[PDB]
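Here the Cβ is made from the backbone with ideal geometry for all residues, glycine too, and neighbour counts use every protein chain on show. The numbers here are math on the coordinates, done by the rules we state, and not lab data.
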Protein chains: 2
Amino acid sequence: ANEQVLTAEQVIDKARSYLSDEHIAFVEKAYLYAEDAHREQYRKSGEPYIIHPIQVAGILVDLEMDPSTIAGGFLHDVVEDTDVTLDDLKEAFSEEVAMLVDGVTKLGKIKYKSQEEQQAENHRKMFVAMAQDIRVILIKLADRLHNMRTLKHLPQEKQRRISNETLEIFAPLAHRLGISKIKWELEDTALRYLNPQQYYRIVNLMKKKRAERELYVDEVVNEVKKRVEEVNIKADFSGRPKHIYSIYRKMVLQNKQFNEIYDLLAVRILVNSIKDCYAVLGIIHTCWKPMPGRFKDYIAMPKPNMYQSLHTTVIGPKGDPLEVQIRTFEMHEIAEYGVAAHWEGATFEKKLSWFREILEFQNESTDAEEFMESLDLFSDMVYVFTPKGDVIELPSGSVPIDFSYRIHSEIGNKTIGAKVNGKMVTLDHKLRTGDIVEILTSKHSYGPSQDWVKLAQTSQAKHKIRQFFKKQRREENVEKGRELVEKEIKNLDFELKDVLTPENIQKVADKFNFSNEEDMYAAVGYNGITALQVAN
Amino acid sequence: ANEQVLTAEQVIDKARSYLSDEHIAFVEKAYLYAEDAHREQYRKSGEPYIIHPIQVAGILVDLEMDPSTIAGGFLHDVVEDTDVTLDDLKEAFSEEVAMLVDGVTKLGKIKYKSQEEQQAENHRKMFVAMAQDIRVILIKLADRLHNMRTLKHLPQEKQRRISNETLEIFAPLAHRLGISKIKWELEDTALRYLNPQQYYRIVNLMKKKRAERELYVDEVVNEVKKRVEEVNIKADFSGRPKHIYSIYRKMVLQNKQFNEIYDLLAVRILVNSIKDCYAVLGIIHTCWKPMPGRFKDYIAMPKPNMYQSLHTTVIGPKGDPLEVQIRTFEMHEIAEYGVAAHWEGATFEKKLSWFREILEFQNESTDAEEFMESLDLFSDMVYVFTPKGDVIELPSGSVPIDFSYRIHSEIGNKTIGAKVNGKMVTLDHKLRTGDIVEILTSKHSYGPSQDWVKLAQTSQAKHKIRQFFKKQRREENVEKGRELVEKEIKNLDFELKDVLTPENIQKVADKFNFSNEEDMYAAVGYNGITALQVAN
Ligand SMILES: [Mn+2]
Ligand SMILES: [Mn+2]
């Protein structure tokens, strides 16, 4: 059960799968240089020299990085391990590859610090100063990952020290950049050496219940898709296996004994848009009761490492907890491969600076690893729920009036009150995201008031209110131009015309050839003398 | 048939409908000052003095402008018409109101220019220099609108000269700012004096056919909503009456005789989102054949005056032409009341500068009033059609692979070719917006290739391709770890084990307690010696 060592041709072809011929030639020259560098110069364990740089470059290609990063990973242990120097590499390929390799070597030359967070900050500072980018950090993370994969050949004390350095520096740094695969693998492979007893205990504890958990998952997945595809929203997804080191992270927390750890490796749901995300949220909330306070909105409040999802723990099946996760495919790419997945005339000027800034804030974020509300009122769209499960979007600052007019026009016109998550609110009340809103309606009502056009936020609601008021004005002027001028014209003189009310007078009113007959009456709301002389 | 003169209390209450008490006090003080300014100082025609500023301020409130603009409209004819000077106004209220009133008066003091476009540019330059904003321009447009409304009391030559100045300067300027109501009213009321014969001819020509046109509309509206509400997308809308001066604009064009003017005052459709706009577009294209080249996308290529809609002329009912318009409610607010509808610590710094820039480009846009493709590849979402009418969104640069994977996962995996609007295209072909795409599918196919992950643009398609390749790798390693090691272990020695193939060896393979039994076979794709010794 050891994943094999890949050859160089496979890595070159997998890089060719997403690169052009020039980058392929660059990485091939780098590979040949790395081969000719350590020739007749092998490891202490007797294993060939090029296996380690080849695996580092393969892990880097697995992240699909820039060709300079892959060349540096091929040439990361060439300067101080062989006769080739830094000037040789700078003359060979470029100055940037030299910077990357020199940074990797410098971070290989580490120093002890009195404090732990301070040595983490020193490892961060070396990078940030020598490379605002992560290319050096990525190459070093690949080096450490391959070291963790081939650690069993080393003495046990060295194994434990390397695993400690990984758990205290490299794995939290990988978490800082959003690269989650490397984080999980480093954490698991470090716990395997630091505490093999707890590692295998967690493994064989997950073993017994993962069968009934697969059944729980399959059933909940089936029900979820059967109730989601009805609202005509497609979503490819699967179950999320909870990795071991997170189990130990919550396990060592004395309160969170393994039994009834409330996260129980629930299902993730990948979908196309954010509105679809919140629709799936509402559907899951309507299919099962959510546990209070167990909802986390990492979309409107993204994690500082760009993580973006939606977590909610519900009652679900027979088993009490299930913490469903919902995110989009871009959000999945981010939450999986961080900046490397994210990675214009010059696309490397603002990129590395923003990455340095996100790392300079993620240091403080790692000093307090949990929620630690960040920054905000930046989001423009709030997604509100209907009690049945439907989720509708509104501009931030929208009122329940906008909600009602978004549901239906007639439903909006006859609005009286509003209930936000079971609370009698005012129509002026602002709408947050996620809260469930239901409006009070009755056809026995005149309609809106003059204040509705002011306190509304959605343009649609304002438009419909203007339309309603204009219709009312038209009917008002028509009632005037019927009754008031039906008397005012010839109060006594039309007594015959009050006896005989024919349609020929309609025709003599049509010779004015205004827009409409209803308009023939509506114009009277302004002028009353025109039809006063043409009563003939 | 003359719309009445509104009082001051009505305008103050309508401003109160969307303002606070302080702005109401400001506009009330401005109104009282305007009343006491021209007291015992009436017009040449004998009409009271305050009617004109009151109507100007009422038109400004109808646009719901800032209180300073309404105060200036109340006080636009106070400086040079009364004893009150500019310093009096500057000491009374502020410096900004003084700037606005002085600009209005300066543009009332106009100069003749040798060229027509040059005098239009002079009228633009006076504004832009004295006010990068439109507040002065808005007050002057309201002044000119009220002058056009009360023009019948003036001599005919003065009527025609004022209407000419309106048609050559004020109406095109209102069009420059996107304010369309004022543009239409000014154009119609100017054509009424400049060419009453053609005005009333167009009126009584529209009269005869507008009945059958109302029938055509009602029927098309009914069919459209009946076929749109089925796809579960709501849209409030109505018919769009074609104003008279546009009829004359196309009529004076010798080719476009009134008969079969291809625009025939078709229906507009207001909807919530842009995706809904293009969905309505596809539905209308599937219900009736579109006329070639009669489609205009003013959403992806907005008019320089911020106009944003979607026009398409189709065959429709018995009658040959019908040019349906589709836009959102924000787009409707824009296309109706321009910048005044559009109108942060300081919200007036960038606003007026951007408005000045849009006017400095709309001058050139008015020198060539028609399409005049502007700027671009700025839009991020391309909306593609399915031949049935469904419209799906993609990121710009998406390939038909992304389209197929967006339709369905299985449909995507078995993709072979693609047809864009009836043309056999490559899967590498980039997708424009609006074109109809249909992919070729067949379950007799292995699946994607290594190039698909590269040339795809949607993250969802890349994710599904990675998943497919990983499933194939798993099954490949399982086939290996069945056959190759089923022989390689004990080629002759397991002849008994080839005779007896029981499930107890499955149990001795389960004592390794790896993840899954399928994983018990999949791990053999890397290591083949572990199960070689435990054949017992
Ligand atoms: Mn190394
Ligand atoms: Mn005036």
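Determine which member of the set B:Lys443, B:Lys487 is away from chain A (no Cβ under 13 Å), part of a loop (DSSP other than H, G, I, E, B) and surrounded by fewer than 14 Cβ atoms within 10 Å (Cβ to Cβ).
Working: B:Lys487 fails: part of a loop (DSSP other than H, G, I, E, B).
None of the other options fit; the residue is B:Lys443.
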| query | Mind checking whether some residue in segment A:276-292 is touching a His at 6+ places or on another chain (Cβ under 7 Å), assigned to a helix (DSSP H, G or I), within 13 Å of chain B (Cβ to nearest Cβ) and not basic (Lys, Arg)? | reply | no
| Test for A:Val437: is it closer than 30 Å to B:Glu214 by Cβ, among the aliphatic types (A, V, I, L, M) and more than 12 Å from every other protein chain (Cβ to nearest Cβ) | no
| request: Working only within segment A:138-171, note down all residues that are in contact with a strand residue (DSSP E or B) (Cβ under 9 Å, 6 or more places away or on another chain) and acidic (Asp, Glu). | output: none
| said: Return the residues of segment B:123-162 that are away from ligand 2 (no atom under 12 Å from the Cβ), more than 14 Å from chain A (Cβ to nearest Cβ), closer than 24 Å to B:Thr189 by Cβ and not hydrophobic (A, V, I, L, M, F, W, C); say none if nothing qualifies. | reply: B:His123, B:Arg124, B:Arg135, B:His153, B:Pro155, B:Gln156, B:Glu157, B:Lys158, B:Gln159, B:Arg160, B:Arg161
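Among A:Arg482, A:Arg474, which is the only one that is in a helix (DSSP H, G or I) and within 14 Å of another protein chain (Cβ to nearest Cβ)? Break it down into steps so the answer makes sense when it comes.
On the way: A:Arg482 fails: within 14 Å of another protein chain (Cβ to nearest Cβ).
Result: A:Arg474 is the single residue among A:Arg482, A:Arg474 that is in a helix (DSSP H, G or I) and within 14 Å of another protein chain (Cβ to nearest Cβ).
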| Here are some conditions: (1) buried (at least 19 other Cβ atoms within 10 Å of the Cβ); (2) closer than 26 Å to B:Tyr446 by Cβ; (3) away from chain A (no Cβ under 14 Å). B:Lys430 meets all but one. Which one does it not meet? | (1)
| request: List the number of the failed condition for A:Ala34; all other conditions in (1) away from ligand 1 (no atom under 15 Å from the Cβ); (2) surrounded by 16 or more Cβ atoms within 10 Å (Cβ to Cβ); (3) not in a loop (DSSP other than H, G, I, E, B) hold. | output: (1)
| Taking into account only those residues within segment B:504-534 that are more than 17 Å from B:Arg474 (Cβ to Cβ) and of a type in the set (S, T, N, Q), which is farthest from the other protein chains (Cβ to nearest Cβ)? | B:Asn504
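One line per residue, one yes/no per condition, for (1) part of a helix (DSSP H, G or I); (2) under 26 Å from A:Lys275 (Cα atoms):
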{"residue": "A:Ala300", "(1), (2)": "no, yes"}
{"residue": "A:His311", "(1), (2)": "no, yes"}
{"residue": "A:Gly319", "(1), (2)": "no, no"}
{"residue": "A:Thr347", "(1), (2)": "no, no"}
{"residue": "A:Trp354", "(1), (2)": "yes, no"}
{"residue": "A:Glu357", "(1), (2)": "yes, no"}
{"residue": "A:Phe361", "(1), (2)": "yes, no"}
{"residue": "A:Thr366", "(1), (2)": "yes, no"}
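Run down A:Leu75, A:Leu86 and say which single residue is more than 16 Å from ligand 2 (Cβ to nearest atom), among the hydrophobic types (A, V, I, L, M, F, W, C) and either buried (at least 22 other Cβ atoms within 10 Å of the Cβ) or under 34 Å from the mean Cα position of the chain (by Cα) (or both).
Values: A:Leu86 fails: either buried (at least 22 other Cβ atoms within 10 Å of the Cβ) or under 34 Å from the mean Cα position of the chain (by Cα) (or both).
Going through A:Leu75, A:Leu86 in turn, the sole match is A:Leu75.
Residues checked against (1) over 28 Å from A:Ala174 (Cα atoms); (2) more than 22 Å from the chain's Cα centre (by Cα); (3) among the aliphatic types (A, V, I, L, M):
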{"site": "A:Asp276", "(1), (2), (3)": "yes, no, no"}
{"site": "A:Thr312", "(1), (2), (3)": "no, no, no"}
{"site": "A:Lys318", "(1), (2), (3)": "yes, yes, no"}
{"site": "A:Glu336", "(1), (2), (3)": "no, no, no"}
{"site": "A:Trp354", "(1), (2), (3)": "no, no, no"}
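Quick one: is B:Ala57 crowded, with 16+ Cβ neighbours inside 10 Å, within 16 Å of ligand 2 (Cβ to nearest atom), farther than 30 Å from A:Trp452 by Cα and among the small types (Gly, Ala, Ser)?
Details: crowded, with 16+ Cβ neighbours inside 10 Å: yes; within 16 Å of ligand 2 (Cβ to nearest atom): yes; farther than 30 Å from A:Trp452 by Cα: no; among the small types (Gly, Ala, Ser): yes.
No.
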| request: Return yes or no: is A:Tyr337 touching a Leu at 6+ places or on another chain (Cβ under 7 Å), surrounded by fewer than 23 Cβ atoms within 10 Å (Cβ to Cβ), within 14 Å of chain B (Cβ to nearest Cβ) and among the hydroxyl-bearing types (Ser, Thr, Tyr)? | output: yes
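How about segment A:133-237: which helices (runs of 4 or more DSSP H) wholly inside it have at least 1 residues that are under 29 Å from the mean Cα position of the chain (by Cα) and surrounded by 21 or more Cβ atoms within 10 Å (Cβ to Cβ)?
Details: elements: A:135-149, A:156-165, A:171-176, A:180-194, A:196-228.
Result: A:135-149, A:171-176, A:180-194, A:196-228.
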| field | Whichever residue in segment A:238-258 is assigned to a helix (DSSP H, G or I) and of a type in the set (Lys, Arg) and, among such residues, is surrounded by the fewest Cβ atoms within 10 Å (Cβ to Cβ) | value | A:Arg249
| query | In segment A:71-121, what count of residues is obtained for those that are over 21 Å from A:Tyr33 (Cα atoms) and more than 16 Å from ligand 1 (Cβ to nearest atom)? | reply | 11
| Filtered residue count, segment A:56-70, keeping only those that are more than 15 Å from ligand 1 (Cβ to nearest atom) and either away from every other protein chain (no Cβ under 14 Å) or not β-branched (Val, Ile, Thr) (or both) | 7
| task | Count, please, the residues in segment B:400-427 that happen to be more than 14 Å from chain A (Cβ to nearest Cβ) and in a loop (DSSP other than H, G, I, E, B). | result | 5
